[PDB]
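Quick setup: one chain, the form deposited in one PDB entry, written in C-alpha cells, and binding and motion questions come after.
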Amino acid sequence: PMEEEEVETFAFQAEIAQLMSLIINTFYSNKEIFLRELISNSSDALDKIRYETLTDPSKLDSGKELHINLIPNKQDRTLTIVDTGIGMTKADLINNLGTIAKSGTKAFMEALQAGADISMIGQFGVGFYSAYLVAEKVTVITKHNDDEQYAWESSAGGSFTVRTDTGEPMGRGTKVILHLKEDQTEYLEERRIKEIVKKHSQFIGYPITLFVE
C-alpha cells in the first residue's frame, strides 16, 4: 500500500520572510552572485568535513572525495549543485544561516582550537538566499553521518517545508536543486556557468566539475 511520508511545515522568521519577499519582488542586476554564494556554502561545507577528519578520520566512510559538481538540466529547467561536504543535520537545516544570527557560531569556538580557519558561513542570513535571484523554488537534500537524509524546500511565501528524504541517498554531502525562473534560462548554458565560476569562484581550494548534457 501507500506510505505516509512524514512532513513538517515551518515559517520563515519575520525579517527573513520580508527579505525573501524583497528578493523576489525586486529586480536586481548582478543576479550572477547566486552561484558564488552557493559555491561558498559547498566549499565551507567541505571545510567542515576537512576539519572533522583530522580529529575523526572515520567520518570518511560515507565519502572521502571533496569536490563540487554542477549538474544543469536544460529539459527540467533545474540547476543542481552537489557537494560531498559535511552535509547538514536536522539542526543545521532548521538553524540555518538566517535563523541563527548575532548569536555566535558555537562550533566555531572549538573548531578554531582544532586548527580550523574562518570558512563556515553558518549565521549570515544572506548568502544562501541568493538562490531566489534566479530560482523560483529551491530544494536542498542533505545527509550528515550523524543524522538522516532530509529534504528542505520552499517557494517563499513566508513558509518552508522539511521532510525525511525517501529519495536517492547521496551517501554524504549536499544537493541543492534550483528551479530557475522562465526568464533565467541563460544559466542553463555550460558557457554561462563557466563565465560565472571562473570569475567568482576562481579561488576555490576544491575541484569543480560541470556535467554538460
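All residue numbers refer to positions in the sequence shown, first residue = 1.
Here the subject shifts to the form solved in complex with a small molecule, a form of this protein not shown in this document.
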{"query": "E52, heavy atom within 4.5 angstroms of the small molecule in the bound PDB entry", "finding": "no"}
{"query": "Partner contact for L180 in the bound PDB entry: the small molecule, 4.5 angstroms, heavy atom", "finding": "no"}
{"query": "4.5 Å heavy atom contact, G87 and the small molecule in the bound PDB entry", "finding": "yes"}
{"query": "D44: touches the small molecule in the bound PDB entry, heavy atom cutoff 4.5 angstroms", "finding": "yes"}
{"query": "Contact residue in the bound PDB entry, from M120, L133, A116, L97 (heavy atom within 4.5 Å of the small molecule)", "finding": "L97"}
{"query": "Every residue of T78, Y187 and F211 near the small molecule in the bound PDB entry, heavy atom within 4.5 Å", "finding": "no"}
